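For reference, the chain that follows is the form deposited in one PDB entry, supplied as structure tokens.
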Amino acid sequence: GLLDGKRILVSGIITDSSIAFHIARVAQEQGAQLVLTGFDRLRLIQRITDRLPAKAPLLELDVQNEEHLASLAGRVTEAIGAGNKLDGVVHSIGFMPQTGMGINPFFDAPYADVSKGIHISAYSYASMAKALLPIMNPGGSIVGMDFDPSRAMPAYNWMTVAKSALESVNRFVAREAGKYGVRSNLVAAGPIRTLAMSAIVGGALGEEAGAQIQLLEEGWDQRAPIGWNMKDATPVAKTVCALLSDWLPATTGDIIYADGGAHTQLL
């Protein structure tokens, strides 16, 4: 297995369509021993993760809760055993209030809403690294999930801004992680039909935002030289596992694009 013997923490599972669910599945298929973290609905998350190939301890983590973060390392060590450390950390956490996405005009999002989204989607990447680097082995790897924000797009709005901040945060986390012999990188995925994404395309945030997202998705498969299947998160999961392995040992502070090549093509 690509990850045989590695101990890896995976955040961000909420449904069976979560990108993190497929990261966890593939990592377990490749021999990794997982610790999972979940937010708010731990009963639901436990029922979801019961469908993974192997059992994994589930710990509560609200990345806005300073007490959850202060205790996280101790709770992880309790789960994997004293004297054992983590080899991998997966950040698959994102949120932006609906005022900062959708048909609500970009100018109408209040800063309280934007700040909450930047807290959860960008600052928390630094928060998790701060908490977990002291229990990470040399040669370890931290990976977060990104959506290419280098150009503006309709509807994504403030979530795009949060991803631009996350990319900048990743470059500073790499500086800190390097002192531990640990890499830090993001995977910029193409669009994936999660429950939330399908709801938006169905009009949950207004009709025009739904129409814009659908047009965005269609251009992606058209641009990608190898195509793009928004219903299949497995290529994204494999790319995360690649970064968690020892096979990209000189890459850090960086972004790997698991997007079909779409960002390399204009039309």
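Only residues modelled in both forms are compared. What we label the rigid core is the largest C-alpha set whose atoms superpose within 1.5 Å from one form to the other. A residue's number is simply how far along the shown sequence it sits, counting from 1.
Although it is not shown, the form deposited in another entry is what the next lines describe.
- The only C-alpha among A70, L215, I226, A54 that moves by 2 Å or more between this form and the one not shown, given a superposition on the rigid core, is that of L215.
- In this overlay on the rigid core, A242 has a C-alpha that sits less than 2 Å away from its partner position between this form and the one not shown.
- The two forms, fitted on the rigid core, differ between this form and the one not shown by 2 Å or more at the CA of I200.
- Expansion of the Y111-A211 CA spacing by 3 Å or more is recorded in the other form, set against this form.
- Panel note: the distance between the CA atoms of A109 and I213 is larger in the other form than in this form, the difference being 3 Å or more.
- Shifted regions between this form and the one not shown (core-superposed; runs of 3+ residues, all CA displacements of 2 Å or more, residues common to both forms): 198-205, 207-218.
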